[PDB]
Each structure stands twice: as C-alpha cells, then as structure tokens.
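Q: So here's work_12.cif, just mmCIF, C-alpha atoms:
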data_final
#
loop_
_atom_site.group_PDB
_atom_site.id
_atom_site.type_symbol
_atom_site.label_atom_id
_atom_site.label_comp_id
_atom_site.auth_asym_id
_atom_site.auth_seq_id
_atom_site.Cartn_x
_atom_site.Cartn_y
_atom_site.Cartn_z
ATOM 1 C CA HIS A 438 -23.424 26.712 -125.245
ATOM 2 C CA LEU A 439 -25.862 24.904 -123.012
ATOM 3 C CA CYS A 440 -24.620 26.450 -119.889
ATOM 4 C CA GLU A 441 -24.575 29.861 -121.197
ATOM 5 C CA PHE A 442 -27.708 29.911 -123.049
ATOM 6 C CA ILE A 443 -29.721 28.072 -120.603
ATOM 7 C CA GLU A 444 -28.635 30.842 -118.472
ATOM 8 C CA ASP A 445 -30.757 33.314 -120.411
ATOM 9 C CA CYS A 446 -32.939 30.719 -121.996
ATOM 10 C CA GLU A 447 -34.335 29.928 -118.556
ATOM 11 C CA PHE A 448 -36.893 27.263 -117.433
ATOM 12 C CA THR A 449 -36.223 25.705 -114.186
ATOM 13 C CA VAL A 450 -37.627 22.416 -115.360
ATOM 14 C CA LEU A 451 -34.838 21.753 -117.816
ATOM 15 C CA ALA A 452 -32.381 22.310 -115.137
ATOM 16 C CA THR A 453 -33.881 19.493 -113.177
ATOM 17 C CA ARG A 454 -33.315 17.054 -115.840
ATOM 18 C CA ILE A 455 -29.926 18.165 -116.862
ATOM 19 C CA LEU A 456 -28.859 18.433 -113.272
ATOM 20 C CA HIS A 457 -29.673 14.916 -112.636
ATOM 21 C CA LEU A 458 -27.529 13.835 -115.605
ATOM 22 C CA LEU A 459 -24.744 16.150 -114.892
ATOM 23 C CA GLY A 460 -24.918 14.840 -111.409
ATOM 24 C CA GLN A 461 -23.514 11.634 -112.507
ATOM 25 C CA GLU A 462 -20.985 12.862 -114.993
ATOM 26 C CA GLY A 463 -18.539 15.255 -113.386
ATOM 27 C CA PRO A 464 -14.694 14.667 -113.433
ATOM 28 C CA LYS A 465 -14.601 12.034 -116.080
ATOM 29 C CA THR A 466 -14.859 15.098 -118.277
ATOM 30 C CA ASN A 467 -12.534 17.533 -116.672
ATOM 31 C CA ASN A 468 -12.208 21.287 -117.354
ATOM 32 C CA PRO A 469 -12.556 21.961 -113.707
ATOM 33 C CA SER A 470 -12.374 25.682 -113.402
ATOM 34 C CA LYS A 471 -14.957 26.189 -115.982
ATOM 35 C CA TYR A 472 -17.167 23.566 -114.743
ATOM 36 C CA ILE A 473 -16.939 25.053 -111.246
ATOM 37 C CA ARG A 474 -17.353 28.354 -112.762
ATOM 38 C CA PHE A 475 -20.606 27.188 -114.161
ATOM 39 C CA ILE A 476 -21.697 25.448 -111.176
ATOM 40 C CA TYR A 477 -21.468 28.368 -109.035
ATOM 41 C CA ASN A 478 -23.647 30.213 -111.395
ATOM 42 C CA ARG A 479 -26.275 27.621 -111.427
ATOM 43 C CA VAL A 480 -26.580 27.873 -107.818
ATOM 44 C CA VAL A 481 -26.396 31.681 -108.111
ATOM 45 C CA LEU A 482 -30.008 31.683 -108.916
ATOM 46 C CA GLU A 483 -32.374 31.755 -106.124
ATOM 47 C CA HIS A 484 -34.318 28.832 -105.209
ATOM 48 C CA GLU A 485 -33.176 26.827 -102.447
ATOM 49 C CA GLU A 486 -34.003 24.273 -104.945
ATOM 50 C CA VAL A 487 -31.783 25.635 -107.754
ATOM 51 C CA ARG A 488 -29.039 26.015 -105.398
ATOM 52 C CA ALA A 489 -29.458 22.510 -104.107
ATOM 53 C CA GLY A 490 -28.743 20.705 -107.358
ATOM 54 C CA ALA A 491 -25.184 21.940 -107.626
ATOM 55 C CA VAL A 492 -24.459 20.252 -104.336
ATOM 56 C CA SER A 493 -26.162 17.003 -105.266
ATOM 57 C CA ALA A 494 -24.480 16.652 -108.677
ATOM 58 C CA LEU A 495 -21.342 17.298 -106.900
ATOM 59 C CA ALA A 496 -21.496 14.186 -104.811
ATOM 60 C CA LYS A 497 -20.573 11.911 -107.643
ATOM 61 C CA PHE A 498 -18.117 14.507 -108.678
ATOM 62 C CA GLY A 499 -16.525 15.370 -105.409
ATOM 63 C CA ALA A 500 -15.993 11.865 -104.618
ATOM 64 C CA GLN A 501 -14.125 11.400 -107.814
ATOM 65 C CA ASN A 502 -12.289 14.675 -107.700
ATOM 66 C CA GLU A 503 -10.542 15.940 -110.774
ATOM 67 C CA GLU A 504 -7.362 17.690 -112.135
ATOM 68 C CA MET A 505 -7.034 19.523 -108.812
ATOM 69 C CA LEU A 506 -9.997 18.656 -106.585
ATOM 70 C CA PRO A 507 -9.641 16.638 -103.389
ATOM 71 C CA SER A 508 -7.845 19.152 -101.163
ATOM 72 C CA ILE A 509 -9.767 21.944 -102.305
ATOM 73 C CA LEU A 510 -12.917 19.874 -102.481
ATOM 74 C CA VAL A 511 -12.516 19.705 -98.832
ATOM 75 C CA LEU A 512 -11.849 23.466 -98.677
ATOM 76 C CA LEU A 513 -14.877 24.510 -100.784
ATOM 77 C CA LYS A 514 -17.838 23.276 -98.830
ATOM 78 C CA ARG A 515 -16.442 25.471 -96.141
ATOM 79 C CA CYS A 516 -15.990 28.473 -98.371
ATOM 80 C CA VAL A 517 -19.462 28.373 -99.664
ATOM 81 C CA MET A 518 -22.034 28.093 -96.874
ATOM 82 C CA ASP A 519 -25.655 29.264 -96.251
ATOM 83 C CA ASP A 520 -28.302 30.131 -93.823
ATOM 84 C CA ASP A 521 -31.901 30.676 -94.610
ATOM 85 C CA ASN A 522 -32.986 28.022 -92.236
ATOM 86 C CA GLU A 523 -33.943 25.123 -94.283
ATOM 87 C CA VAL A 524 -31.652 26.469 -96.830
ATOM 88 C CA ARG A 525 -29.435 26.912 -93.750
ATOM 89 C CA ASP A 526 -30.170 23.421 -92.912
ATOM 90 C CA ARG A 527 -29.315 22.208 -96.332
ATOM 91 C CA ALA A 528 -25.802 23.587 -95.920
ATOM 92 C CA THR A 529 -25.630 22.465 -92.342
ATOM 93 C CA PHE A 530 -27.041 19.076 -92.961
ATOM 94 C CA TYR A 531 -24.973 18.222 -95.928
ATOM 95 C CA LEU A 532 -22.238 19.261 -93.746
ATOM 96 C CA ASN A 533 -23.785 17.493 -90.875
ATOM 97 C CA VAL A 534 -24.038 14.423 -92.975
ATOM 98 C CA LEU A 535 -20.536 15.084 -93.969
ATOM 99 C CA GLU A 536 -19.812 15.600 -90.310
ATOM 100 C CA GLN A 537 -21.358 12.279 -89.648
ATOM 101 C CA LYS A 538 -19.173 10.016 -92.104
ATOM 102 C CA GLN A 539 -15.399 9.773 -92.839
ATOM 103 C CA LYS A 540 -15.740 11.672 -95.913
ATOM 104 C CA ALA A 541 -14.176 9.004 -97.931
ATOM 105 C CA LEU A 542 -16.586 6.451 -96.595
ATOM 106 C CA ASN A 543 -19.278 9.015 -96.797
ATOM 107 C CA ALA A 544 -18.829 9.355 -100.428
ATOM 108 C CA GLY A 545 -18.939 5.654 -100.983
ATOM 109 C CA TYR A 546 -22.221 4.906 -99.279
ATOM 110 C CA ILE A 547 -24.134 7.937 -100.416
ATOM 111 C CA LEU A 548 -23.009 7.866 -104.002
ATOM 112 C CA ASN A 549 -24.550 4.542 -104.322
ATOM 113 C CA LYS B 324 -37.863 64.389 -77.316
ATOM 114 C CA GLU B 325 -34.516 65.856 -76.810
ATOM 115 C CA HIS B 326 -36.166 67.096 -73.729
ATOM 116 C CA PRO B 327 -34.482 63.992 -72.720
ATOM 117 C CA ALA B 328 -35.478 65.019 -69.196
ATOM 118 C CA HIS B 329 -38.380 63.361 -70.822
ATOM 119 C CA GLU B 330 -41.244 63.164 -68.447
ATOM 120 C CA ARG B 331 -43.203 59.919 -67.692
ATOM 121 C CA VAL B 332 -46.645 61.191 -68.246
ATOM 122 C CA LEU B 333 -46.257 62.629 -71.502
ATOM 123 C CA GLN B 334 -45.452 59.376 -73.000
ATOM 124 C CA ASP B 335 -48.506 58.166 -71.395
ATOM 125 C CA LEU B 336 -50.845 60.710 -72.968
ATOM 126 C CA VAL B 337 -50.144 59.288 -76.274
ATOM 127 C CA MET B 338 -52.713 56.587 -76.134
ATOM 128 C CA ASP B 339 -55.382 59.076 -75.898
ATOM 129 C CA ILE B 340 -54.200 60.705 -78.819
ATOM 130 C CA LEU B 341 -53.756 57.408 -80.337
ATOM 131 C CA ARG B 342 -57.276 56.572 -79.973
ATOM 132 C CA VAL B 343 -58.032 59.060 -82.604
ATOM 133 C CA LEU B 344 -56.090 56.955 -85.055
ATOM 134 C CA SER B 345 -58.986 54.606 -85.359
ATOM 135 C CA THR B 346 -60.158 57.163 -87.648
ATOM 136 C CA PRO B 347 -57.491 55.946 -89.883
ATOM 137 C CA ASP B 348 -54.975 57.329 -92.317
ATOM 138 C CA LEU B 349 -52.211 54.805 -92.103
ATOM 139 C CA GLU B 350 -49.560 56.993 -93.139
ATOM 140 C CA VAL B 351 -50.244 59.211 -90.246
ATOM 141 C CA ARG B 352 -50.744 56.176 -88.105
ATOM 142 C CA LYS B 353 -47.506 54.819 -89.175
ATOM 143 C CA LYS B 354 -45.740 57.925 -88.142
ATOM 144 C CA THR B 355 -47.344 57.418 -84.868
ATOM 145 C CA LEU B 356 -46.181 53.943 -84.352
ATOM 146 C CA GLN B 357 -42.637 54.713 -84.657
ATOM 147 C CA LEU B 358 -43.157 57.607 -82.499
ATOM 148 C CA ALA B 359 -45.051 55.704 -80.040
ATOM 149 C CA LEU B 360 -42.604 52.951 -79.539
ATOM 150 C CA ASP B 361 -40.012 55.078 -78.183
ATOM 151 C CA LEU B 362 -41.247 56.085 -74.905
ATOM 152 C CA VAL B 363 -41.739 52.867 -73.352
ATOM 153 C CA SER B 364 -39.188 51.752 -70.887
ATOM 154 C CA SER B 365 -41.068 48.467 -71.136
ATOM 155 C CA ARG B 366 -43.829 49.991 -69.032
ATOM 156 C CA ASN B 367 -46.789 52.284 -69.550
ATOM 157 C CA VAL B 368 -46.846 49.236 -71.451
ATOM 158 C CA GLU B 369 -49.518 47.088 -70.199
ATOM 159 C CA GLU B 370 -52.254 49.387 -70.280
ATOM 160 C CA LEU B 371 -51.134 49.896 -73.593
ATOM 161 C CA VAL B 372 -50.748 46.294 -74.421
ATOM 162 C CA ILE B 373 -54.113 45.797 -73.452
ATOM 163 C CA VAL B 374 -54.986 48.529 -75.544
ATOM 164 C CA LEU B 375 -53.098 46.918 -78.237
ATOM 165 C CA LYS B 376 -55.085 43.988 -77.795
ATOM 166 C CA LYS B 377 -57.984 46.202 -78.045
ATOM 167 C CA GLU B 378 -56.544 47.284 -81.189
ATOM 168 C CA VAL B 379 -56.239 43.844 -82.099
ATOM 169 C CA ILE B 380 -59.773 43.193 -81.629
ATOM 170 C CA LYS B 381 -60.540 46.208 -83.414
ATOM 171 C CA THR B 382 -58.283 45.052 -86.078
ATOM 172 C CA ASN B 383 -60.319 41.980 -86.483
ATOM 173 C CA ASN B 384 -63.666 43.717 -86.838
ATOM 174 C CA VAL B 385 -64.796 42.766 -90.357
ATOM 175 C CA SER B 386 -62.116 44.631 -92.040
ATOM 176 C CA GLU B 387 -61.314 45.375 -95.569
ATOM 177 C CA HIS B 388 -57.685 46.203 -94.881
ATOM 178 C CA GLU B 389 -55.834 47.984 -97.467
ATOM 179 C CA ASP B 390 -53.895 50.464 -95.422
ATOM 180 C CA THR B 391 -54.214 49.093 -92.076
ATOM 181 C CA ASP B 392 -52.634 45.976 -93.104
ATOM 182 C CA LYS B 393 -49.496 47.802 -93.463
ATOM 183 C CA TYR B 394 -49.926 49.170 -90.140
ATOM 184 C CA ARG B 395 -50.160 45.784 -88.786
ATOM 185 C CA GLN B 396 -46.868 44.814 -90.068
ATOM 186 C CA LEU B 397 -45.391 47.877 -88.738
ATOM 187 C CA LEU B 398 -47.018 47.490 -85.515
ATOM 188 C CA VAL B 399 -45.546 44.243 -85.150
ATOM 189 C CA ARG B 400 -42.214 45.678 -85.707
ATOM 190 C CA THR B 401 -42.759 48.320 -83.267
ATOM 191 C CA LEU B 402 -43.971 45.720 -81.025
ATOM 192 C CA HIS B 403 -41.175 43.469 -81.689
ATOM 193 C CA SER B 404 -38.674 45.768 -80.350
ATOM 194 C CA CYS B 405 -40.233 46.165 -77.064
ATOM 195 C CA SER B 406 -40.337 42.647 -76.272
ATOM 196 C CA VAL B 407 -36.718 42.330 -76.907
ATOM 197 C CA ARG B 408 -36.223 44.527 -74.073
ATOM 198 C CA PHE B 409 -38.998 43.315 -72.128
ATOM 199 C CA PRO B 410 -40.273 40.429 -70.471
ATOM 200 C CA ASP B 411 -43.528 40.088 -72.105
ATOM 201 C CA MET B 412 -46.529 37.932 -71.565
ATOM 202 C CA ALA B 413 -49.829 36.419 -72.569
ATOM 203 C CA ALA B 414 -50.475 39.147 -74.972
ATOM 204 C CA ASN B 415 -47.889 37.515 -77.063
ATOM 205 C CA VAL B 416 -49.520 34.207 -76.978
ATOM 206 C CA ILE B 417 -52.304 35.871 -78.593
ATOM 207 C CA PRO B 418 -50.235 36.871 -81.558
ATOM 208 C CA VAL B 419 -49.469 33.389 -81.969
ATOM 209 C CA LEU B 420 -53.058 32.654 -82.135
ATOM 210 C CA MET B 421 -53.706 35.608 -84.238
ATOM 211 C CA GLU B 422 -51.146 34.628 -86.658
ATOM 212 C CA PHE B 423 -52.863 31.261 -87.037
ATOM 213 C CA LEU B 424 -55.989 33.007 -88.174
ATOM 214 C CA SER B 425 -54.298 35.081 -90.818
ATOM 215 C CA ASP B 426 -53.431 34.133 -94.424
ATOM 216 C CA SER B 427 -50.482 35.949 -96.159
ATOM 217 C CA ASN B 428 -46.676 35.400 -96.254
ATOM 218 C CA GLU B 429 -45.255 38.556 -94.825
ATOM 219 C CA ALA B 430 -46.606 37.586 -91.422
ATOM 220 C CA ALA B 431 -45.174 34.122 -91.764
ATOM 221 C CA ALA B 432 -41.964 35.865 -92.445
ATOM 222 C CA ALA B 433 -42.332 37.758 -89.258
ATOM 223 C CA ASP B 434 -43.223 34.641 -87.534
ATOM 224 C CA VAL B 435 -40.363 32.984 -88.870
ATOM 225 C CA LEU B 436 -38.414 35.922 -87.789
ATOM 226 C CA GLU B 437 -39.747 35.056 -84.511
ATOM 227 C CA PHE B 438 -38.701 31.492 -85.131
ATOM 228 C CA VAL B 439 -35.276 32.646 -85.383
ATOM 229 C CA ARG B 440 -35.350 34.795 -82.582
ATOM 230 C CA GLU B 441 -37.015 32.670 -80.191
ATOM 231 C CA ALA B 442 -34.580 30.035 -81.113
ATOM 232 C CA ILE B 443 -32.035 32.380 -79.711
ATOM 233 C CA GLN B 444 -34.123 33.515 -76.778
ATOM 234 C CA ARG B 445 -35.078 30.328 -75.049
ATOM 235 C CA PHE B 446 -36.304 30.667 -71.570
ATOM 236 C CA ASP B 447 -38.575 28.208 -73.178
ATOM 237 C CA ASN B 448 -41.576 27.589 -71.250
ATOM 238 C CA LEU B 449 -43.989 29.431 -73.280
ATOM 239 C CA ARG B 450 -42.735 27.880 -76.358
ATOM 240 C CA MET B 451 -43.870 24.570 -75.364
ATOM 241 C CA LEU B 452 -47.371 25.688 -74.842
ATOM 242 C CA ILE B 453 -47.235 27.464 -77.931
ATOM 243 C CA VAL B 454 -45.815 24.490 -79.612
ATOM 244 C CA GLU B 455 -48.883 22.839 -78.404
ATOM 245 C CA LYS B 456 -50.928 25.685 -79.643
ATOM 246 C CA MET B 457 -49.268 25.380 -82.785
ATOM 247 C CA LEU B 458 -49.936 21.763 -82.768
ATOM 248 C CA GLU B 459 -53.465 22.554 -82.814
ATOM 249 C CA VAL B 460 -52.982 25.291 -85.319
ATOM 250 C CA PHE B 461 -51.207 23.025 -87.418
ATOM 251 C CA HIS B 462 -53.590 20.187 -87.163
ATOM 252 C CA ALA B 463 -56.176 22.764 -87.776
ATOM 253 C CA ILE B 464 -54.490 23.927 -91.028
ATOM 254 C CA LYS B 465 -52.621 23.210 -94.432
ATOM 255 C CA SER B 466 -50.546 25.463 -96.866
ATOM 256 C CA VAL B 467 -47.115 25.914 -98.155
ATOM 257 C CA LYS B 468 -46.422 28.201 -95.384
ATOM 258 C CA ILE B 469 -47.389 25.744 -92.888
ATOM 259 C CA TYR B 470 -45.635 23.130 -94.790
ATOM 260 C CA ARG B 471 -42.541 25.125 -94.481
ATOM 261 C CA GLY B 472 -43.340 25.723 -90.878
ATOM 262 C CA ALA B 473 -43.365 22.166 -90.103
ATOM 263 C CA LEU B 474 -40.019 21.847 -91.473
ATOM 264 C CA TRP B 475 -38.294 24.081 -89.160
ATOM 265 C CA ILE B 476 -40.223 23.103 -86.189
ATOM 266 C CA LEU B 477 -39.576 19.544 -86.981
ATOM 267 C CA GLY B 478 -36.086 20.486 -87.189
ATOM 268 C CA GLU B 479 -36.346 21.985 -83.805
ATOM 269 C CA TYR B 480 -37.884 19.052 -81.848
ATOM 270 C CA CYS B 481 -37.802 18.053 -78.069
ATOM 271 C CA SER B 482 -40.113 15.895 -75.845
ATOM 272 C CA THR B 483 -43.516 14.214 -75.558
ATOM 273 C CA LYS B 484 -41.192 11.640 -77.011
#
How would this structure read if it were set down as structure tokens?
A:
Amino acid sequence: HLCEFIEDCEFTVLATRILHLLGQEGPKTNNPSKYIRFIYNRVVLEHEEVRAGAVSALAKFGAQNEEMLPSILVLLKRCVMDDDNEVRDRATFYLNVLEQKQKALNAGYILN
Amino acid sequence: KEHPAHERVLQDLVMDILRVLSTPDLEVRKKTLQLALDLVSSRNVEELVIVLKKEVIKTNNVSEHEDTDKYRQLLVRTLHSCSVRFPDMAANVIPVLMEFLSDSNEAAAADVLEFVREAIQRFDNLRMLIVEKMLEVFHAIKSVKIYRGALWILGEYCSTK
C-alpha cells in the first residue's frame, strides 16, 4: 500500500524519512522481486536525489543479500548506471568506491 | 546554396545584411543564424567574430530581452558548432566572462555543455586561465548554479597544489 500510494500520494519529504528506515531493513524481510520492483520505481523519479536513496538503502541490503541476491547484486550495479555528471559521478563514485574496496570488505566498513 | 560551387564572397556579404537585424524580429533573426552559420569554413570568421563581439556588446546595452534572449541561446549554438571545427580564440574567453555576468539556468546548461565538451577537448591551456577566471568569478559569486558548478570543477581538479 505504502509503496503504491506514495507513488501517487507524492511528497518527496516522506520519502526521505522512509528511505532512511528502509535503508536499514532490506533482506531480513525478503520478497525480493517486488522489493526490487519497487526500488527501481523509486529511483524512476527524477531527482538525482530521489534516485540516490535507492542506492544508499541498498548498502545494508546488498551486503546482506537475499533469496537470490549476491551474484546478481554484483550484476545489477552494472546493469543500472548513469551519467548526468554529478549524477554521473554518483554512479561512478559508488562504483569507484566499490572499485576501491573488496566488495565484501567494502560492505563491512561502509555499512557501519 | 546548392550552388555548391558556392562562392566565398557571398557568404561574406551576409554580415551587412545582418547588420539590419539589429532592428530586431528574432524569429527572422533566428532564421538568419542558422543560415549564417553555414558558410563559414572557420573563416570569414574573425571579422565576424569581432562583429559578434560587437553584437555582444550590443547585446549588453541596457536590454529588456524578451526575444533576443532566445537569439542568444541560439547564437551560442550556432557559435558552438563553429568552434568545434575551429581553433578559436580570445573571443571565447569572453563568453566565459560573459556567462559570469548573466543569471539564468539555460546558459549554465550550455556552459555545462561546454564543461562536458571541453572535458573531451583538452588542449588545455586556456582552461587553466579560465579556471582562474572562474576562480575569480566564483569568488565573486554564489547560487545553486554556481554551487553545482563547483562540484564538477572540483571533481575535475589539477595543480596549484
């Protein structure tokens, strides 16, 4: 309900809060395809900023992986990628950051 | 124009004609600009450029742009193209300056466009000055646009360690 409605019940501000929370929660509650499905959408919206949250939430999530995620988790960041300079940069950088640590290690430091 | 035997001169006479444009009507003007761009094998250029600069001054003036603004953007496009081909010069520096003066996004976008481009183009030298120029501009200024500007530039970085 939240997901859907909020989508078409708007307000960016809400998203900030919820994002943050969601950010922690991920794969302890599974339903991956859906959740992904959502996540993509959330990003769908413009705003470098709106887009950005899906990646950040993801870090706790990614790290944990779910009912299918690690392989693919690795595949995805690749599949979804962006320019728009500082938006480019965000993709690049997260990557670059990613680039910079053994992704397993990477996850551990950053997450905390 | 498909008199592709296309004589030198003719291209050249344009400016004269173009002068008339100062008695505006953008829409007409606009048609001109496209038209204009074409002839230049990166030449009859300077005289023009100069003239452009004249335009530029003219553009300053006191203005109450409403139509001409548009023109400016266009001009810049028209202008942009040339440069690609050309080796260009001080004139260009001036845009940079000019741009600093200005206050609306579309230009920033162009600028940015330039950011991109230039990032590709790198013969560099100019940039550095400009970067300086910019440094001034920057010091000299505040805004989201700027704020954004900083970001990329910052991103870019080099010397004066």
Q: How would you write, as a list in words, the residues chosen by the PyMOL selection byres ((chain A and resi 462) around 12) on this structure?
A: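 Residues picked by the PyMOL selection byres ((chain A and resi 462) around 12): residues 455, 456, 457, 458, 459, 460, 461, 463, 464, 465, 466, 467, 472, 493, 494, 495, 496, 497, 498, 499, 500, 501, 502 and 503 of chain A.
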Q: Only residues of chain B matter here; which ones have an atom within 12 Å of chain A, counting all atoms listed in the file? Give them as a PDB file with C-alpha atoms, in the frame of the given file.
A:
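For reference, result-v9.pdb as written:
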ATOM      1  CA  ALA B 432     -41.964  35.865 -92.445  1.00  0.00           C
ATOM      2  CA  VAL B 435     -40.363  32.984 -88.870  1.00  0.00           C
ATOM      3  CA  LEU B 436     -38.414  35.922 -87.789  1.00  0.00           C
ATOM      4  CA  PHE B 438     -38.701  31.492 -85.131  1.00  0.00           C
ATOM      5  CA  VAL B 439     -35.276  32.646 -85.383  1.00  0.00           C
ATOM      6  CA  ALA B 442     -34.580  30.035 -81.113  1.00  0.00           C
ATOM      7  CA  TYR B 470     -45.635  23.130 -94.790  1.00  0.00           C
ATOM      8  CA  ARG B 471     -42.541  25.125 -94.481  1.00  0.00           C
ATOM      9  CA  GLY B 472     -43.340  25.723 -90.878  1.00  0.00           C
ATOM     10  CA  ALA B 473     -43.365  22.166 -90.103  1.00  0.00           C
ATOM     11  CA  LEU B 474     -40.019  21.847 -91.473  1.00  0.00           C
ATOM     12  CA  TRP B 475     -38.294  24.081 -89.160  1.00  0.00           C
ATOM     13  CA  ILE B 476     -40.223  23.103 -86.189  1.00  0.00           C
ATOM     14  CA  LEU B 477     -39.576  19.544 -86.981  1.00  0.00           C
ATOM     15  CA  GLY B 478     -36.086  20.486 -87.189  1.00  0.00           C
ATOM     16  CA  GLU B 479     -36.346  21.985 -83.805  1.00  0.00           C
TER      17      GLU B 479
END
Q: One decimal, Å: what's the distance from CA of residue 336 in chain B over to CA of residue 407 in chain B, could you say?
A: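 Pair CA of residue 336 in chain B / CA of residue 407 in chain B returns 23.5 Å.
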Q: Report as a PyMOL selection string the residues that result from applying the PyMOL selection byres ((chain B and resi 419-429) around 10) to the structure here.
A: chain B and resi 379+383+396+413-418+430-435+453-454+456-457+459-461+463-464+466-469
Q: Find, counting all atoms listed in the file, the residue in A:475, A:524, A:470, A:505 that gets nearest to residue 442 in chain A.
A: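 Checking each of A:475, A:524, A:470, A:505 against residue 442 in chain A, counting all atoms listed in the file, the winner is A:475.
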Q: Could you tell me how far CA of residue 352 in chain B lies from CA of residue 327 in chain B, in Å and to one decimal?
A: 23.7 Å
Q: If the PyMOL selection byres ((chain A and resi 440) around 12) is run on the structure shown, which residues does it catch, given as a ChimeraX atom specification?
A: /A:438-439,441-447,451-452,455-456,459,471-479
Q: Compare B:346, B:401, B:386, B:482 by their minimum atom-to-atom distance to residue 358 in chain B, counting all atoms listed in the file, and give me the closest one.
A: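 Closest residue, counting all atoms listed in the file: B:401.
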Q: Please provide the set of residues having any atom within 10 Å of residue 350 in chain B, restricted to only C-alpha atoms, with same-chain residues fewer than 3 positions apart removed, written as a PyMOL selection string.
A: chain B and resi 347+353-356+390-391+393-394
Q: What is the distance, in Å and to one decimal place, between CA of residue 532 in chain A and CA of residue 515 in chain A?
A: 8.8 Å
Q: Give me, as a PyMOL selection string, all polymer residues having an atom no more than 12 Å from residue 404 in chain B, counting all atoms listed in the file and skipping those fewer than 2 positions away in the same chain.
A: chain B and resi 356-357+359-365+397-402+406-411+437+440
Q: Can you spit out the residues from that selection as a PDB file, keeping the file's coordinate frame, using C-alpha atoms?
A:
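File written: again.pdb
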ATOM      1  CA  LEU B 356     -46.181  53.943 -84.352  1.00  0.00           C
ATOM      2  CA  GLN B 357     -42.637  54.713 -84.657  1.00  0.00           C
ATOM      3  CA  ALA B 359     -45.051  55.704 -80.040  1.00  0.00           C
ATOM      4  CA  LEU B 360     -42.604  52.951 -79.539  1.00  0.00           C
ATOM      5  CA  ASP B 361     -40.012  55.078 -78.183  1.00  0.00           C
ATOM      6  CA  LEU B 362     -41.247  56.085 -74.905  1.00  0.00           C
ATOM      7  CA  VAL B 363     -41.739  52.867 -73.352  1.00  0.00           C
ATOM      8  CA  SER B 364     -39.188  51.752 -70.887  1.00  0.00           C
ATOM      9  CA  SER B 365     -41.068  48.467 -71.136  1.00  0.00           C
ATOM     10  CA  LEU B 397     -45.391  47.877 -88.738  1.00  0.00           C
ATOM     11  CA  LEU B 398     -47.018  47.490 -85.515  1.00  0.00           C
ATOM     12  CA  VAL B 399     -45.546  44.243 -85.150  1.00  0.00           C
ATOM     13  CA  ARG B 400     -42.214  45.678 -85.707  1.00  0.00           C
ATOM     14  CA  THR B 401     -42.759  48.320 -83.267  1.00  0.00           C
ATOM     15  CA  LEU B 402     -43.971  45.720 -81.025  1.00  0.00           C
ATOM     16  CA  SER B 406     -40.337  42.647 -76.272  1.00  0.00           C
ATOM     17  CA  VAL B 407     -36.718  42.330 -76.907  1.00  0.00           C
ATOM     18  CA  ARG B 408     -36.223  44.527 -74.073  1.00  0.00           C
ATOM     19  CA  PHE B 409     -38.998  43.315 -72.128  1.00  0.00           C
ATOM     20  CA  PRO B 410     -40.273  40.429 -70.471  1.00  0.00           C
ATOM     21  CA  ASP B 411     -43.528  40.088 -72.105  1.00  0.00           C
ATOM     22  CA  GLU B 437     -39.747  35.056 -84.511  1.00  0.00           C
ATOM     23  CA  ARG B 440     -35.350  34.795 -82.582  1.00  0.00           C
TER      24      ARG B 440
END
Q: Given the choices A:511, A:450, A:528, A:516, which gets closest to residue 488 in chain A if the distance is worked out from all atoms listed in the file?
A: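 The answer is A:528, which sits nearest to residue 488 in chain A.
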Q: Give the answer as one residue: which of A:481, A:491, A:534, A:506 has the shortest atom-to-atom distance to residue 546 in chain A, using only C-alpha atoms?
A: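 Of A:481, A:491, A:534, A:506, the one nearest residue 546 in chain A, counting only C-alpha atoms, is A:534.
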Q: Quick one: what's the axis-aligned box for range 354-365 of chain B, all listed atoms, 6 Å on every side, centre and edges in Å to one decimal, as lines of an AutoDock Vina configuration file?
A:
center_x = -43.3
center_y = 53.2
center_z = -79.5
size_x = 20.2
size_y = 21.5
size_z = 29.3
